[PDB]
Amino acid sequence: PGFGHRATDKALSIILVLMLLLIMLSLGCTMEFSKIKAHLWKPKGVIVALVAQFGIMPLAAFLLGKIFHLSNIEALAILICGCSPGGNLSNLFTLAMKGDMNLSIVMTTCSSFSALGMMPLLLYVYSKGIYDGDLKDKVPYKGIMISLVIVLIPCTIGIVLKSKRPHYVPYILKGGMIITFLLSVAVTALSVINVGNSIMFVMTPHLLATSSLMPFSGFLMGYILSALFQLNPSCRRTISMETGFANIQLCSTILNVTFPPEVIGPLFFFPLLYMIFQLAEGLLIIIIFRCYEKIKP
Amino acid sequence: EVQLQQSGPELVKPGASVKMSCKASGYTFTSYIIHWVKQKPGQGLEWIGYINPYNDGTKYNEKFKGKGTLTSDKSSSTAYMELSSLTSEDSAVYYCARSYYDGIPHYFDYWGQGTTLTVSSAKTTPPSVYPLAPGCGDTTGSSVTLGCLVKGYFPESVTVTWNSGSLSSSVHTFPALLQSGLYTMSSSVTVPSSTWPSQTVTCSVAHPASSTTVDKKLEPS
Amino acid sequence: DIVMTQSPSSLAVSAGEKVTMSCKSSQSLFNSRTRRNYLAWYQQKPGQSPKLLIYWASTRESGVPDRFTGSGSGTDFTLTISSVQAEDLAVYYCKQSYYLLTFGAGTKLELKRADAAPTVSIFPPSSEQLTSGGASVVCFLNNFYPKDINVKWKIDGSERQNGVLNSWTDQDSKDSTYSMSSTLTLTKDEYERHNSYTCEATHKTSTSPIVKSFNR
């Protein structure tokens, strides 16, 4: 176990906060506002994305937990991860799919709003035999609101900057793309020293299989559900990329506040494993899509 | 290894306002949850509810929701139970048990010693001993039985002995059960009829909860 | 909710013959996600705290004798002992924790005996009891093995059976037989009005109940 958690934990928090703020500014500095108003006036992809996220992902997590025979804590963790709003990293990576990026703003907003009022009920309905307690008040709302405001405020600043002085957009963006890139290494190794050794702790065939099959099933089901609704291919790509991703911070905080660290022995690094796996699948799908576009330019 | 310490037996008036303590210092207190089990004398075990010392979450049985109240102290590693509503039928033995809790309590692998809670009007009174003697025209037989019943004693801490009797051989001590506030017990010893007149038999009642050590010898009718 | 009912609830085995304690519960308390089969068999010796014997209905706690074995699934479970020792006389509850913590009725184990030879003893209240403002007539039955036994009071040929108190012995270790006591308490001004106070004891060892009469 981790004897010390003070190894630049606050420094890590602040450096990731700065990363998110800067990349949000750069991302919002290259996308309009009128298309957002059009999406709000005619909501078609938002509704299907929300129903896929809050009606299939929890169901997929429940079915996977039943099939793979996960323990109570592992089943609860995967269920919480499944019934989670799309993370900011989904917005970060959907730029590579270059698909209807203006829709992603209202997507994140509606996902956060729906999660805020639906996570208690949607987590209580599927908690039959798992965590007989109420669990309604243990879900963090302030964290959801903080994530929401950090996603939106720099996005609004970037939108205003693009609408006012487009000539300044290329200089702040491209250079920013450098700043968010190299600093990633500056924090990537920071994770390696922080995680230490976890090969014999968290790597379990059932947990590995569930963490492999959760984001992949989310991506596939989102894309299929968009396909049967006859949406734009860019819309299908962005819906899939948003429903596949999940927020692991919420699961980490809820598990930490609802159970002592002694009980969650290997589940402490489970959100990190899920994050690594979703990064791997996202990178793989980006490479596949880029190759498919390259072969037919 | 790991043991659970109970506060000890408690007698309280029907005015309620009682507290029950269970201390657990053999392990990490927050890792396991503590359940409370009620047992009436001769009616079997009954579940009340459990408490998680980590997140201070408590789950109660439907019957004990109104009265039960469970609290935890991490500094003292103790679990406290308050009922605040007691009647004459609430006297019973309460056990505190430790169980693992991943998502659902598994089983009670360790139990406390048990605390006896008595609820009554108290008002301890000295006991009265009345002997039992035959001889109303009966022919008796090879062996004749004798005893001395006791009435009007409040607490259970009462013993009956036969210094001049048969001692542990052929002795029956009937346990007392509550009735009309003050309960009564009985003792029976059988002795040969031929040797009974030769050696007088005396029965003694010891009541450590009071200051009486009355003893007496019965007389045939 | 889930309620557990144990069928025998009382049995006596002497030396080696096996026992079967079964509680059928209410519904299938088997977890589909994890093959755990939530159920626990406990043991509660007299004057002692309950002791855990078997958890998950198939696995036994370390340190218990190997004779205790439990097998079951779904709703049907059984606990059996290959050889019953003198230290296995206790009460077993087969608690469950699938949905809510509920205990069973309990099964009591005794020691078998050949037969019973109960003896009747009757005694009237003493003089100082009469001067104390009341009266108490006491009849007790000695050395009867089986539990099923009844008492009755015939007063002037009438069945009263009012205000009687009964107590049982806890099966002393000297022999599996034990005694029973019964007391009848009446106020004054009526003890001498009725007299009689004949006692009758009905037990399965004799077709004719044993009747003992009292006079004066």
# chains A, B, ... in the order shown; residues from 1 in each chain; ligands from 1

$ residues_around --residues "stretch 41-53 of chain C" --least-positions-apart "5" --cutoff "10 Å" --atoms "only C-alpha atoms" --output "JSON, numbers by chain"
{"B": [44, 45, 93, 94, 95, 96, 97, 107, 108, 109, 110, 111, 112, 113, 114], "C": [58, 59, 60, 61, 62, 63, 64, 65, 68, 69, 70, 78, 79, 87, 88, 89, 90, 91, 92, 93, 94, 95, 96, 103, 104, 106, 107, 108, 170]}

$ interface_residues --of "chain C" --to "chain A" --cutoff "10 Å" --atoms "only C-alpha atoms" --output "ChimeraX atom specification"
/C:31-35,98-100

$ residues_around --residues "residue A:136" --least-positions-apart "5" --cutoff "8 Å" --atoms "only C-alpha atoms" --output "compact mmCIF listing (two decimals) with N, CA and C atoms, in the first residue's frame"
# COMPACT_ATOMS: atom_id res chain seq x y z
N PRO A 120 -28.00 9.48 -8.02
CA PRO A 120 -28.58 8.77 -6.86
C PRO A 120 -29.61 7.72 -7.25
N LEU A 121 -30.61 8.09 -8.04
CA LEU A 121 -31.66 7.14 -8.41
C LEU A 121 -31.12 6.02 -9.28
N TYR A 124 -29.11 3.73 -7.14
CA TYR A 124 -29.90 2.97 -6.18
C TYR A 124 -30.69 1.85 -6.86

$ residues_around --residues "residue B:128" --least-positions-apart "6" --cutoff "10 Å" --atoms "only C-alpha atoms" --output "number ranges by chain"
B: 148-153, 205, 214; C: 129

$ interface_residues --of "chain B" --to "chain A" --cutoff "8 Å" --atoms "only C-alpha atoms" --output "list in words"
residues 30, 31, 54, 55, 59, 102, 103 and 104 of chain B

$ residues_around --residues "stretch 102-114 of chain A" --least-positions-apart "3" --cutoff "10 Å" --atoms "only C-alpha atoms" --output "number ranges by chain"
A: 28, 30-40, 43, 45-47, 49-50, 53-54, 84-88, 90-91, 94-95, 99, 117-119, 141, 144-145, 147-149, 151-152, 155-156, 235, 238-239, 242-243

$ residues_around --residues "stretch 76-89 of chain B" --least-positions-apart "6" --cutoff "7 Å" --atoms "only C-alpha atoms" --output "PyMOL selection string"
chain B and resi 14-25+29+67-70+119-120

$ select_by_dssp --residues "chain C" --states "strand (DSSP E or B)" --output "VMD selection string"
chain C and resid 6 10 to 12 19 to 21 23 40 to 44 51 to 55 59 to 60 68 to 73 76 to 81 91 to 92 95 to 96 102 107 to 110 119 to 123 134 to 144 149 to 155 158 to 159 164 to 168 178 to 187 198 to 203 210 to 212

$ closest_residue --among "A:241, A:83, A:193, A:7" --to "residue A:282" --atoms "only C-alpha atoms"
A:241

$ closest_residue --among "C:204, C:24, C:174, C:160" --to "chain B" --atoms "only C-alpha atoms"
C:174

$ closest_residue --among "B:145, B:193, B:213, B:200" --to "chain C" --atoms "only C-alpha atoms"
B:145

$ select_by_dssp --residues "stretch 70-208 of chain C" --states "alpha helix (DSSP H)" --output "number ranges by chain"
C: 127-131, 191-194

$ write_last_selection --atoms "N, CA and C atoms" --output "short mmCIF file (atom, residue, chain, number, x, y, z; two decimals), in the first residue's frame"
data_model
loop_
_atom_site.label_atom_id
_atom_site.label_comp_id
_atom_site.auth_asym_id
_atom_site.auth_seq_id
_atom_site.Cartn_x
_atom_site.Cartn_y
_atom_site.Cartn_z
N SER C 127 -47.52 -23.31 58.20
CA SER C 127 -48.32 -22.47 59.09
C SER C 127 -47.94 -21.00 58.95
N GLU C 128 -46.64 -20.69 58.89
CA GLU C 128 -46.22 -19.30 58.79
C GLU C 128 -46.63 -18.69 57.46
N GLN C 129 -46.73 -19.50 56.40
CA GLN C 129 -47.27 -19.01 55.14
C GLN C 129 -48.74 -18.61 55.30
N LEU C 130 -49.52 -19.43 56.01
CA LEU C 130 -50.92 -19.09 56.25
C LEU C 130 -51.04 -17.82 57.09
N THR C 131 -50.19 -17.68 58.11
CA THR C 131 -50.21 -16.46 58.91
C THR C 131 -49.68 -15.25 58.15
N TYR C 191 -58.52 -21.10 51.06
CA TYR C 191 -57.72 -22.32 51.08
C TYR C 191 -58.43 -23.44 51.82
N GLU C 192 -59.03 -23.13 52.96
CA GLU C 192 -59.75 -24.13 53.74
C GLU C 192 -61.16 -24.38 53.23
N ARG C 193 -61.68 -23.52 52.35
CA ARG C 193 -63.03 -23.71 51.83
C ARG C 193 -63.10 -24.83 50.80
N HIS C 194 -62.02 -25.08 50.07
CA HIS C 194 -62.01 -26.03 48.97
C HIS C 194 -61.37 -27.37 49.34
#

$ closest_residue --among "C:2, C:81, C:138, C:184" --to "chain B" --atoms "only C-alpha atoms"
C:138

$ residues_around --residues "stretch 50-53 of chain B" --least-positions-apart "4" --cutoff "6 Å" --atoms "only C-alpha atoms" --output "PyMOL selection string"
chain B and resi 30+33-35+57-59+72

$ write_last_selection --atoms "C-alpha atoms" --output "JSON list (two decimals), in the first residue's frame"
[["chain", "number", "residue", "atom", "x", "y", "z"],
["B", 30, "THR", "CA", -12.84, 1.08, 11.17],
["B", 33, "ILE", "CA", -18.72, -3.21, 11.40],
["B", 34, "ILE", "CA", -20.43, -3.98, 14.71],
["B", 35, "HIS", "CA", -23.81, -5.71, 15.02],
["B", 57, "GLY", "CA", -23.59, 4.59, 8.90],
["B", 58, "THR", "CA", -26.17, 2.59, 10.83],
["B", 59, "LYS", "CA", -28.76, 0.06, 9.66],
["B", 72, "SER", "CA", -19.42, 4.83, 17.50]]
